[PDB]
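Notes for the one structure printed next.
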Amino acid sequence: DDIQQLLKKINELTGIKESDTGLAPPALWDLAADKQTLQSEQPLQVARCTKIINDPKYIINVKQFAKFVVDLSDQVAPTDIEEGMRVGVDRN
Amino acid sequence: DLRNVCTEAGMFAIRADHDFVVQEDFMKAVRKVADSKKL
Amino acid sequence: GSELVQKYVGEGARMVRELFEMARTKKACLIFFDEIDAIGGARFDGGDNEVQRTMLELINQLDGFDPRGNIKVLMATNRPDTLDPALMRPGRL
Amino acid sequence: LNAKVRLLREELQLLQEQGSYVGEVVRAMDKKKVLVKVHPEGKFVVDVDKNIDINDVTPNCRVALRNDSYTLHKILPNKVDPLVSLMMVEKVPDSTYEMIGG
Amino acid sequence: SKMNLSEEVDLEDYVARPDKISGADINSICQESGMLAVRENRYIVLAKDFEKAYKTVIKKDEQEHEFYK
Amino acid sequence: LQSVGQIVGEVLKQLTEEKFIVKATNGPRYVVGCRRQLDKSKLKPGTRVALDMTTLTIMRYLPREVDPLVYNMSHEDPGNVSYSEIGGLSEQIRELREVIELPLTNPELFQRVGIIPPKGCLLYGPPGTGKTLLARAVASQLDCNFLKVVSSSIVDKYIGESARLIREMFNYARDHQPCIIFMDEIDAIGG
Amino acid sequence: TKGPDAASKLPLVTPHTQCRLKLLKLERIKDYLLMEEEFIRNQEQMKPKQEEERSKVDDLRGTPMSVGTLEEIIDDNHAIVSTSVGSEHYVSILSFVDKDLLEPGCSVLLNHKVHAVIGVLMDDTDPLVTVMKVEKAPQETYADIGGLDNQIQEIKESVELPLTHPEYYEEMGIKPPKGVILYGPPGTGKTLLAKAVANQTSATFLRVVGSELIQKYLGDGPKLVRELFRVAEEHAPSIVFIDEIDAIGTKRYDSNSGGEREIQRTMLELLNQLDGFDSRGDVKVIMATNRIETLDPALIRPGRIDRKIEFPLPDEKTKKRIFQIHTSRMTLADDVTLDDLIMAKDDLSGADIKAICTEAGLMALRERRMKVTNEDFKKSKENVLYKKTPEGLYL
Amino acid sequence: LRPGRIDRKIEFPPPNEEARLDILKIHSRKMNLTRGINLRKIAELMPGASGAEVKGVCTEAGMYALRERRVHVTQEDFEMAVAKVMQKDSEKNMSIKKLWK
Amino acid sequence: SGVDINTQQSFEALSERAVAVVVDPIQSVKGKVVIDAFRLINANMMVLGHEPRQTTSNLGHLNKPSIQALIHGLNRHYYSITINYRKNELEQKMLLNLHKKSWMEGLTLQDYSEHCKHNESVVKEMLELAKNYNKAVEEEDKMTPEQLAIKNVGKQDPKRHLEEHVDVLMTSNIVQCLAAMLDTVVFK
Amino acid sequence: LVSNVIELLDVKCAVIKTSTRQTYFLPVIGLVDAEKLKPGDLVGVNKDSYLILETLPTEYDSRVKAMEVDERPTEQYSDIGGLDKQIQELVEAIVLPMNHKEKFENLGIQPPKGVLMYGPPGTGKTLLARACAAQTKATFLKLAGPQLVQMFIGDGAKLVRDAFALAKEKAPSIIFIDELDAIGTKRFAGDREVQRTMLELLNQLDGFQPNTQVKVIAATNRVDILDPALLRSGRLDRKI
Amino acid sequence: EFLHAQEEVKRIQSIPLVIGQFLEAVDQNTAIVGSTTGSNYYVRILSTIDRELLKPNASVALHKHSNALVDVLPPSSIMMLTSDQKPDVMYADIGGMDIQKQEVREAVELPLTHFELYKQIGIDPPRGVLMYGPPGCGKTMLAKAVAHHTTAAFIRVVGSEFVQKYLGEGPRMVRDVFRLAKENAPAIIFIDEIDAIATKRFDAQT
Ligand SMILES: Nc1ncnc2c1ncn2[C@@H]1O[C@H](COP(=O)(O)OP(=O)(O)OP(=O)(O)O)[C@@H](O)[C@H]1O
Ligand SMILES: Nc1ncnc2c1ncn2[C@@H]1O[C@H](COP(=O)(O)OP(=O)(O)OP(=O)(O)O)[C@@H](O)[C@H]1O
Ligand SMILES: Nc1ncnc2c1ncn2[C@@H]1O[C@H](COP(=O)(O)OP(=O)(O)O)[C@@H](O)[C@H]1O
Ligand SMILES: Nc1ncnc2c1ncn2[C@@H]1O[C@H](COP(=O)(O)OP(=O)(O)O)[C@@H](O)[C@H]1O
Ligand SMILES: Nc1ncnc2c1ncn2[C@@H]1O[C@H](COP(=O)(O)OP(=O)(O)O)[C@@H](O)[C@H]1O
Ligand SMILES: [Mg+2]
Ligand SMILES: [Mg+2]
Ligand SMILES: [Mg+2]
Ligand SMILES: [Zn+2]
């Protein structure tokens with residue numbers, strides 16, 4: 001009985017089996033600028049411009065979320081965006 | 001059968017500009033349908 | 001075959017559609033369906049339904065409107081008697 | 001009277017805090033991180049509270065996660081299928097051995 | 001009891017008949033008697049329509065194909 | 001512009017005079033209360049209401065939205081189709097009139113004689129020879145709703161269609177002018 | 001690589017009888033356990049760099065970390081990940097992430113707020129599969145099996161000898177049998193042999209029942225089978241024990257029901273994993289059934305099941321061996337001749353021989369005796385066996 | 001049914017005369033039996049009965065007293081209950097009975 | 001939020017003490033009014049000095065910042081300012097009129113029908129509760145009585161469902177009788 | 001936020017179902033005119049106020065636009081052998097009422113609304129459909145049954161609605177729903193979604209003004225599977 | 001201050017509450033509730049709620065924001081014959097079934113009202129009645145009369161209702177009916193035309 005108890009105690013004391021995660025070698029990243037891109041770059045929901053409206057307006061399908069009528073930001077030009085292609089949109 | 005033969009006589013009349021259906025046309029329609037129903 | 005059979009409704013037919021689209025983008029694609037009897041079972045009347053819908057999607061992709069293109073399909077099964085006659089038709093197989 | 005009033009006040013305060021999420025544990029990943037599955041949001045790698053020992057966070061246990069950080073803060077009773085839960089006798093039948101003859 | 005009936009109808013005449021008929025058959029007999037009385041634009045049920053309804057409901061053999069018996 | 005939308009829900013139950021149970025169409029169920037100057041009797045179980053989006057209080061009631069299944073079970077046809085349209089069935093229309101007119105016109109004699117129910121009826125014959133027009137010929141007098149629920153939605157093999165598929169016939173007929181459930185070809189019910 | 005995850009077990013104690021040598025062996029095992037406990041307890045306490053890097057990575061990651069699926073890789077530092085709700089986000093890939101293992105379909109780790117990829121969930125095993133893995137090996141060894149020498153030899157040459165001595169197979173030019181089925185009457189030693197195999201094997205052992213392979217939802221059955229075989233492949237030397245294969249291995253037929261066709265689909269996925277496109281790998285499959293004639297021919301065909309090991313009802317010698325094994329712990333009498341019970345007509349199975357011993361012990365307890373006798377054994381036999389035969393036709 | 005799964009098969013044969021008497025005394029313990037109650041004769045009057053039928057006999061003997069609006073049961077009530085509960089259904093057609101000689 | 005920080009910066013441009021107030025009208029649905037005053041923390045001061053706020057007294061540490069604000073950035077980019085309500089007379093006596101209970105309700109006799117029904121209902125439920133109290137007292141099980149005194153606490157029979165109902169009945173009856181005597185004296 | 005007006009009711013008030021699958025009542029219409037609105041129109045409401053800000057032009061899904069025939073496959077009727085009666089029926093029920101119309105009204109004969117080509121596989125159903133697309137100037141609108149089956153609730157009904165609307169926009173438009181068995185199964189939770197798609201198809205078939213300029217062709221190898229409510233009298237009748 | 005605290009306790013339940021399902025109580029002052037928004041929550045129970053109403057699965061009202069359980073909502077299913085759904089067949093409407101009437105009543109109406117006589121004799125009144133005979137003799141009419149004349153919940157099912165497709169749904173419906181009768185007891189279950197599922201059990205091979 002006490003051998004069983006010791007086995008359980010050893011297992012509970014170690015009990016980690018550290019799960020591997022995609023962590024690069026320390027020399028590979030060594031970047032404090034990861035915080036810079038985390039704060040500066042914003043995530044963008046992907047959506048396909050179903051219909052173009054002619055300041056042009058754009059109807060976007062955010063997969064299952066919803067349909068919105070949006071406009072491009074100043075970064076991209078109207079020529080780049082075409083009907084039916086998937087584009088990234090900010091969450092706000 | 002009567003409704004369909006009425007429609008089928010007109011359907012016969014679609015060929016050529018016939019805006020009216022003749023007695024021969026009704027006869028063709030019935031001798032078509034009443035025999036086609038057997039199949 | 002497991003991927004073509006998806007939990008959600010309409011997803012297997014969608015997967016078949018994207019698979020055939022991807023084959024069409026390439027030149028002279030070769031598609032292999034091993035154990036086609038997993039999804040190519042004969043229709044009946046809910047049963048599979050969704051699996052039958054996926055099989056119908058594959059059927060109309062193989063033959064029908066919108067010619068398939070340079071896509072030679074390959075199918076293998078040890079129980080061909082359970083296949084849908086539409087799928088076994090000599091325009092698809 | 002002071003005890004009564006204080007008890008009511010702490011009940012109010014503990015009622016104002018939000019309800020914590022309920023999630024099953026896929027597996028414990030670290031000595032301080034657990035891979036849980038919150039329904040229906042999905043799977044999360046959550047941190048453990050200081051009052052919960054990681055060694056009691058066994059796979060497939062129902063842990064409680066705080067409303068904000070999804071922090072594992074209670075071990076909770078395990079999940080039983082509702083149809084299987086009614087199978088356990090809670091009120092024993094009144095038949096006794098002396099009621100069986102022959 | 002709920003039916004209008006008539007003075008001339010005597011239910012004991014129909015009760016004493018040897019025919020073996022269930023309570024559903026009794027209800028059907030009475031309903032057919034009412035229907036027969038109503039068909040002739042009569043608000044009273046008499047012996048004749050009750051008798052005809054009895055005879056109609058009693059006939060239950062239908063075909064039986066004449067050789068099973 | 002200042003106006004804001006209001007969520008749409010059904011009053012499932014009446015908790016108290018000032019407490020209601022409402023289910024949002026694609027939301028959760030909320031316990032809510034009425035606004036104030038609303039006739040609480042209009043809020044039966046099943047009615048459509050417009051909850052406020054912030055306090056969730058019932059603000060106004062709404063007509064029901066026409067349901068799917070009910071397209072041939074609720075449509076009314078108070079038309080006048082003469083018996084000349086359905087030709088060659090004078091005896092059958094006479095018999096149909098003798099069956100339907102007498103109970104509909106004067107049920108007082110029927111309750112006087114005692115026999116209440118005249119239900120039943122049966123029009124077996126060749127298929128598609130004018131069975132529907134027979135009940136459409138009788139539509140000369142009244143018979144407004146005139147539902148057609150052929151071989152479906154009343155039995156479904158064992159019981160499957162019942163209550164909500166056995167009683168709504170009699171509800172939507174009663175809340176309107178007389179009609180004919182007219183179930184059809186019952187030889188193919190559940191098959 | 002991710003080598004085999006062999007089940008842990010303590011060294012076996014030989015004396016069995018409660019003598020002093022057994023006590024000494026158990027005390028030695030306890031002493032080593034105490035030494036290990038003391039060492040791994042004084043390690044962290046006696047212990048008084050990378051902390052800065054770990055802290056920086058943890059603050060950058062934040063908590064909680066959502067688990068999503070990587071859909072596409074656009075740039076070296078940008079990707080489209082789909083959250084568990086099905087909505088895809090165009091997120092940024094942080095530097096402290098391996099771009100090598102970042103592949104489409106993998107389970108990525110995302111920031112809760114920004115959703116940037118901050119790690120990859122490596123294991124991500126279905127919890128319904130990780131339960132199948134054997135962690136505590138059963139205590140039944142090959143010494144617990146009476147007779148079945150040919151069956152033991154075949155099962156060893158199939159699952160144990162290839163791992164222990166692959167040189168014979170390499171020199172011979174033959175690939176060792178990668179599939180075996182154990183069939184026979186119930187209570188003969190199929191599950192016993194599988195338990196002994198798991199006890200002796202150094203490979204990872206996965207045990208299923210063939211009824212947990214069936215899932216309520218449509219695609220979850222074949223997906224579960226694929227996940228199980230992927231896990232078996234991850235730990236290169238693996239043994240998969242599918243007990244009661246009759247549950248899903250039943251012969252394929254045209255069925256007008258979604259459930260039966262889905263179960264046939266699950267079996268088809270099983271036998272596509274067994275032998276189909278792509279090699280199966282160093283995964284050996286053991287299947288058990290009481291009714292092999294009801295199994296689909298494609299499932300038990302050579303290439304999937306290479307050795308159809310038969311498990312007949314024990315004969316006189318095997319019955320004697322099973323009685324010797326199952327009466328070893330019992331304090332037997334002197335007048336007890338087991339040969340009278342060993343004779344039988346034709347239908348004493350190994351499971352029955354153990355119930356006979358248990359019932360004999362119970363009858364001894366009834367008479368307040370801890371030493372079973374012959375009358376106890378005959379009463380136990382005529383008490384425990386339940387039967388079901390031709391009449392006096394043949395001469 | 002193999003040993004290891006069902007180790008012991010315990011059979012419940014229909015109660016014998018003494019077993020039936022025991023069941024009768026068990027299910028008539030709360031009943032106000034008259035002085036001339038001989039429960040053994042009731043056991044003999046129930047050959048090849050089951051425990052449920054023995055209890056049904058007591059129940060029907062009590063229901064006879066209920067019908068007569070009394071709280072005590074007599075031997076006659078038990079005897080009539082024996083007949084009412086243990087009433088079997090036979091072939092009813094001597095044609096079928098006489099197929100087998 | 002970030003935009004809130006930007007507009008607060010725009011406001012501080014005019015005056016260094018431009019305070020922002022955030023109000024939650026749905027969270028402040030009851031006697032709790034959830035309001036807060038925020039001003040930005042100069043991120044340069046975060047390293048140039050330490051904390052932005054001197055603690056020269058104990059008047060600022062009597063509050064406890066809410067976890068939502070710390071998650072959203074309290075004490076890292078904005079700092080809370082304690083909320084003080086400047087309420088005075090002629091602004092408090094006016095708000096006591098929203099429920100003022102004009103003199104009529106102080107002399108209304110209710111109605112005797114539902115008063116009698118309420119009295120009867122409370123008396124019946126009190127008879128049942130007195131049966132329960134009688135049981136609870138005669139049981140007097142002495143197997144560690146201090147423990148049965150704590151194993152049966154459920155807001156039940158002994159005292160809570162007890163005289164509290166006596167309190168309600170006595171208060172209602174006394175008030176009704178006193179009002180009846182008052183109106184039979186004052187009115188003719 | 002794009003939304004649809006599921007109904008319009010007098011107090012001037014509208015019930016809007018947003019693209020987020022939730023319906024809100026609007027105490028006021030918004031910035032547009034209630035008269036220039038009806039059930040089913042696409043309107044861009046506010047994200048949070050949910051108030052209509054402007055009306056939106058008829059928007060067709062990418063799948064619906066891809067459904068239109070642009071390559072115009074070349075298959076003469078000479079390539080079809082053994083089906084002369086069937087070709088004549090199809091051309092006289094789907095093409096002849098199209099480019100003639102007014103004279104069909106002149107005889108006062110109702111041209112059937114839809115055609116169901118049914119038979120054993122390989123009999124030439126889809127071949128005849130492709131030939132009809134070849135030798136007609138109408139805007140062919142091909143599709144399949146499995147296409148109108150999607151995960152999201154109401155997506156199949158929306159798909160068939162946009163298909164029929166695009167068919168309406170082009171005056172000479174033909175809809176070919178190949179492999180009708182996928183959605184035409186007998187009435188029996190993806191079953192609910194498939195049923196919603198089927199009833200939406202029935203509603204679109206019934207909503208046609210009689211002898212309109214849009215004809216529907218459907219093909220099926222299994223008719224016993226097909227729901228009997230599909231055939232009926234106003235819907236597909238010519239079971240070729 | 002105590003009065004103010006009681007008022008706040010009352011104000012905790014102040015109308016806009018989300019209905020939730022009670023899954024299981026972790027311990028006193030705490031429970032796991034399933035909000036009808038679709039996600040499970042670990043919440044705190046107000047002490048003022050009477051604990052015996054927390055059934056293993058009962059409809060409870062949750063605070064809109066804190067999600068805490070603050071109230072328990074009060075509870076036709078398959079038939080559950082309602083007061084307005086009574087068959088309205090009186091015993092007088094039945095013509096001359098005195099033996100059958102008395103035998104049926106002594107088992108299905110007397111125990112519910114006059115249980116004292118059964119206790120005095122101590123006989124465990126009969127729980128099951130089988131009415132049989134030629135069709136149209138008045139069995140279902142007598143069951144209707146019992147339904148109209150009883151103070152207990154009446155459940156009316158047909159033996160053919162139990163025979164369904166989707167194996168495990170027939171016995172599921174049988175168990176549902178009996179559990180429904182258990183919940184609101186006393187109750188009467190009438191299984192008409194049970195002869196469908198009543199045949200002598202033989203060695204079924206399909
Ligand atoms: N040859 C044998 N030698 C020793 N013990 C045996 C032998 N055969 C069976 N037994 C005993 O019988 C018990 C039950 O048998 P086992 O678990 O092997 O069944 P099985 O062959 O898998 O059949 P089933 O799956 O139908 O139960 C084992 O635990 C073991 O103790
Ligand atoms: N009557 C016919 N005359 C000429 N070619 C034919 C005929 N019937 C079929 N074919 C040819 O045989 C093939 C049959 O495919 P088709 O698309 O016509 O099938 P279908 O009748 O629509 O059936 P399914 O939907 O089951 O595939 C085609 O390649 C077509 O050219
Ligand atoms: N004794 C009776 N008194 C009055 N009506 C009866 C009697 N017996 C039968 N009926 C009538 O016969 C019909 C058949 O009764 P019911 O019990 O439903 O059929 P079954 O006996 O086959 O179950 C009932 O509608 C009832 O009105
Ligand atoms: N005698 C008739 N006179 C006029 N129209 C008829 C006649 N018989 C059949 N019809 C036609 O048949 C159709 C009705 O068929 P119906 O008899 O209702 O079929 P079913 O009985 O299968 O429902 C109507 O459209 C009608 O035009
Ligand atoms: N040996 C017995 N002694 C006393 N009462 C018995 C005995 N056997 C049966 N009974 C009575 O008869 C009834 C038998 O029902 P039950 O034992 O549930 O049937 P089964 O054995 O077929 O499951 C019980 O209510 C019990 O009170
Ligand atoms: Mg086994
Ligand atoms: Mg085709
Ligand atoms: Mg009946
Ligand atoms: Zn803000």
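Chains: A, B, ... in order of the structure tokens. Residues: from 1 per chain. Ligands: from 1, in order shown.
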May I ask you to write as an mmCIF file with N, CA and C atoms, in the first residue's frame all residues lying at most 7 Å from ligand 9, with only C-alpha atoms and all ligand atoms counted?
data_model
loop_
_atom_site.group_PDB
_atom_site.id
_atom_site.type_symbol
_atom_site.label_atom_id
_atom_site.label_comp_id
_atom_site.auth_asym_id
_atom_site.auth_seq_id
_atom_site.Cartn_x
_atom_site.Cartn_y
_atom_site.Cartn_z
ATOM 1 N N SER I 1 -10.552 53.875 -23.613
ATOM 2 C CA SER I 1 -10.018 53.214 -24.790
ATOM 3 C C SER I 1 -8.881 54.046 -25.377
ATOM 4 N N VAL I 3 -8.909 55.652 -28.304
ATOM 5 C CA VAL I 3 -9.497 56.900 -28.784
ATOM 6 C C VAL I 3 -9.851 57.804 -27.609
ATOM 7 N N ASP I 4 -10.320 57.212 -26.506
ATOM 8 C CA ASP I 4 -10.570 57.994 -25.301
ATOM 9 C C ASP I 4 -9.286 58.632 -24.790
#
Note to self: For region 45-48 of chain D, find every residue with an atom within 9 Å (counting only C-alpha atoms), except residues of its own chain fewer than 6 positions away, and show them as an MDAnalysis selection string.
What the structure shows: (chainID D and resid 29 31:37 54 65 69:73) or (chainID G and resid 63:67 109)
Check: Given a cut-off of 12 Å, which residues of chain G touch chain J, counting only C-alpha atoms, written out as a PyMOL selection string?
Finding: chain G and resi 86+217-218
Check: So how far away is CA of residue 46 (chain A) from CA of residue 87 (chain A), in Å?
Finding: 5.6 Å
Note to self: At a cut-off of 12 Å, using only C-alpha atoms, what residues contact region 9-24 of chain E? Leave out same-chain residues fewer than 5 positions from it and give the result as a PyMOL selection string.
What the structure shows: (chain E and resi 1+4+29-31+33+44-55+57-60) or (chain K and resi 94-97+133-142)
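Around ligand 6, using only C-alpha atoms and all ligand atoms and a cut-off of 9 Å, the residues in contact are residues 186, 187, 188, 189, 190, 191, 192, 194, 243, 244, 288, 289 and 290 of chain G.
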Produce a file of the selected residues containing N, CA and C atoms, as a PDB file, in the first residue's frame.
ATOM      1  N   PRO G 186     -15.829 -17.397 -26.130  1.00  0.00           N
ATOM      2  CA  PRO G 186     -15.611 -16.429 -25.048  1.00  0.00           C
ATOM      3  C   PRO G 186     -14.907 -17.069 -23.861  1.00  0.00           C
ATOM      4  N   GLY G 187     -14.111 -16.265 -23.161  1.00  0.00           N
ATOM      5  CA  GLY G 187     -13.368 -16.744 -22.017  1.00  0.00           C
ATOM      6  C   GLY G 187     -12.266 -17.722 -22.330  1.00  0.00           C
ATOM      7  N   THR G 188     -11.524 -17.509 -23.413  1.00  0.00           N
ATOM      8  CA  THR G 188     -10.466 -18.424 -23.808  1.00  0.00           C
ATOM      9  C   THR G 188      -9.072 -17.850 -23.583  1.00  0.00           C
ATOM     10  N   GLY G 189      -8.924 -16.529 -23.602  1.00  0.00           N
ATOM     11  CA  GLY G 189      -7.630 -15.924 -23.354  1.00  0.00           C
ATOM     12  C   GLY G 189      -7.196 -14.897 -24.379  1.00  0.00           C
ATOM     13  N   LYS G 190      -8.147 -14.364 -25.144  1.00  0.00           N
ATOM     14  CA  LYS G 190      -7.821 -13.324 -26.115  1.00  0.00           C
ATOM     15  C   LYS G 190      -7.421 -12.029 -25.417  1.00  0.00           C
ATOM     16  N   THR G 191      -8.325 -11.477 -24.605  1.00  0.00           N
ATOM     17  CA  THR G 191      -8.001 -10.268 -23.858  1.00  0.00           C
ATOM     18  C   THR G 191      -6.870 -10.523 -22.872  1.00  0.00           C
ATOM     19  N   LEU G 192      -6.769 -11.748 -22.355  1.00  0.00           N
ATOM     20  CA  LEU G 192      -5.635 -12.103 -21.508  1.00  0.00           C
ATOM     21  C   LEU G 192      -4.325 -11.980 -22.273  1.00  0.00           C
ATOM     22  N   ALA G 194      -3.790 -10.127 -24.940  1.00  0.00           N
ATOM     23  CA  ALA G 194      -3.548  -8.709 -25.197  1.00  0.00           C
ATOM     24  C   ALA G 194      -2.999  -8.007 -23.961  1.00  0.00           C
ATOM     25  N   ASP G 243     -10.255  -4.407 -29.271  1.00  0.00           N
ATOM     26  CA  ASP G 243     -11.085  -5.487 -28.774  1.00  0.00           C
ATOM     27  C   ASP G 243     -12.483  -5.375 -29.370  1.00  0.00           C
ATOM     28  N   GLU G 244     -13.215  -6.487 -29.308  1.00  0.00           N
ATOM     29  CA  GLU G 244     -14.584  -6.559 -29.848  1.00  0.00           C
ATOM     30  C   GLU G 244     -14.653  -5.827 -31.175  1.00  0.00           C
ATOM     31  N   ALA G 288      -9.644  -8.526 -31.571  1.00  0.00           N
ATOM     32  CA  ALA G 288     -10.242  -9.641 -30.855  1.00  0.00           C
ATOM     33  C   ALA G 288     -11.736  -9.695 -31.134  1.00  0.00           C
ATOM     34  N   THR G 289     -12.256 -10.909 -31.297  1.00  0.00           N
ATOM     35  CA  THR G 289     -13.672 -11.107 -31.561  1.00  0.00           C
ATOM     36  C   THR G 289     -14.054 -12.535 -31.208  1.00  0.00           C
ATOM     37  N   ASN G 290     -15.303 -12.722 -30.793  1.00  0.00           N
ATOM     38  CA  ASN G 290     -15.842 -14.054 -30.563  1.00  0.00           C
ATOM     39  C   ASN G 290     -16.502 -14.635 -31.801  1.00  0.00           C
TER      40      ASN G 290
END
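One distance worth recording is that between CA of residue 53 (chain H) and CA of residue 76 (chain H), which is 17.4 Å.
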Margin query: Taking only C-alpha atoms and all ligand atoms and a cut-off of 9 Å, can you tell me which residues surround ligand 2, written as a PyMOL selection string?
Written below: (chain C and resi 59-60+62-65+85-87+89-92) or (chain J and resi 78-84+117-130+178-179+219-221)
As a compact mmCIF listing (two decimals) with C-alpha atoms, in the first residue's frame, could you give me every residue of chain F near chain I (at most 12 Å apart, counting only C-alpha atoms)?
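Saved result, part.txt, follows:
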# COMPACT_ATOMS: atom_id res chain seq x y z
CA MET F 53 -33.00 46.98 -26.27
CA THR F 54 -31.63 48.24 -22.93
CA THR F 55 -34.20 47.64 -20.17
CA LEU F 56 -35.79 44.75 -22.12
Item checked: d(CA of residue 177 (chain F), CA of residue 43 (chain F)) in Å -> 25.0 Å
Item checked: Spatial neighbours of residue 67 (chain A), max dist 10 Å, only C-alpha atoms, sep filter under 5 positions, as a PyMOL selection string -> (chain A and resi 47-50+59-62) or (chain J and resi 1-3+18-20+44)
Would you mind exporting the chosen residues as a compact mmCIF listing (two decimals), in the first residue's frame, restricted to C-alpha atoms?
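Resulting contents of part_23.txt:
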# COMPACT_ATOMS: atom_id res chain seq x y z
CA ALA A 47 -14.02 39.33 -45.72
CA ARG A 48 -14.91 39.16 -49.41
CA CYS A 49 -16.21 42.26 -51.20
CA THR A 50 -19.42 40.86 -52.66
CA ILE A 59 -20.37 45.48 -49.44
CA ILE A 60 -18.29 42.93 -47.51
CA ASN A 61 -19.24 39.47 -46.23
CA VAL A 62 -17.45 38.75 -42.94
CA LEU J 1 -24.77 46.88 -41.20
CA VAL J 2 -26.66 45.21 -44.04
CA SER J 3 -30.19 44.11 -43.20
CA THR J 18 -30.02 42.07 -39.76
CA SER J 19 -27.30 40.02 -41.42
CA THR J 20 -26.36 39.01 -37.86
CA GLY J 44 -28.00 49.39 -44.62
Margin query: Taking 6 positions as the minimum chain separation for residues in the same chain, which residues sit within 12 Å of residue 64 (chain F) when counting only C-alpha atoms? Answer as a ChimeraX atom specification.
Written below: /F:8-11,43-50 /J:7,9,15
